[PDB]
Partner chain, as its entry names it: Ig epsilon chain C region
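In C-alpha cells, one chain follows: the form solved without the partner chain.
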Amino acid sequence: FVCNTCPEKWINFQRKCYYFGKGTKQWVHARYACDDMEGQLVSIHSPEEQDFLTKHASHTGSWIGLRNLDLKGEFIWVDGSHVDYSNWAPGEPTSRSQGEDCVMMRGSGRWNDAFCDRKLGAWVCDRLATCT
C-alpha cells in the first residue's frame, strides 16, 4: 500500500504532503492560507521530517503549526499533539508566556518563537497523501 499521491504543487514525504507557501503573512493569516488549500500549518514530529522540511525551507523563515496556549502554558501543534520532537535554536523558545506566541522555522530549519503579528515571507502546510 503506497501512500505518496499528492495534489499539484504539493510534495510527498512519507505519509504526508507538503506545501511551501510564499507571500508575506502573519501567523493566523498563514493558518487561513493553509485552510484555503485544504491543508493545515505543518506539525513536525521527527528528525526525518524536519530534515525533509529543512531541505525545502525558505531562507527568510516560515510559519509552522506551533503556538503557545497559555491555558496550559504549553506549545501545541495545530494538529493538537504536544511537542515531542523539537528543533529549537539556541536559547529558544524565549517567549512563553506571554499569551500571543507563535513558532517559525528559520532558513536553517531551526525554530524560534515569535510575536504572531510578525510578517513572514513563507509558511508550510501539510495533509495526508492519497494511496494506491
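Just so we're on the same page, rigid core means the largest C-alpha set that superposes within 1.5 Å between forms. Numbering follows the first chain given and starts at 1. Only residues modelled in both forms are compared.
One more form of this protein, deposited with the partner chain bound, exists but is not displayed; see below.
- The partner chain in the entry with it bound comes within 4.5 Å of no heavy atom belonging to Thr54.
- Put simply, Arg106 is far from the partner chain in the entry with it bound: not one heavy atom of it is within 4.5 Å.
- The partner chain is not shown here, but in the entry with it bound it comes within 4.5 Å of a heavy atom of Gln26.
- None of the heavy atoms of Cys17 is located within 4.5 Å of the partner chain in the entry with it bound.
- With the core held fixed by superposition, the comparison between this form and the one not shown singles out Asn68 as the only member of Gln50, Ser43, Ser58, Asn68 whose CA moves by at least 2 angstroms.
- Here is what shifts between this form and the one not shown when you lay the two on the core: runs of at least 3 residues, every Cα off by 2 Å or more, at 68-70, 95-98.
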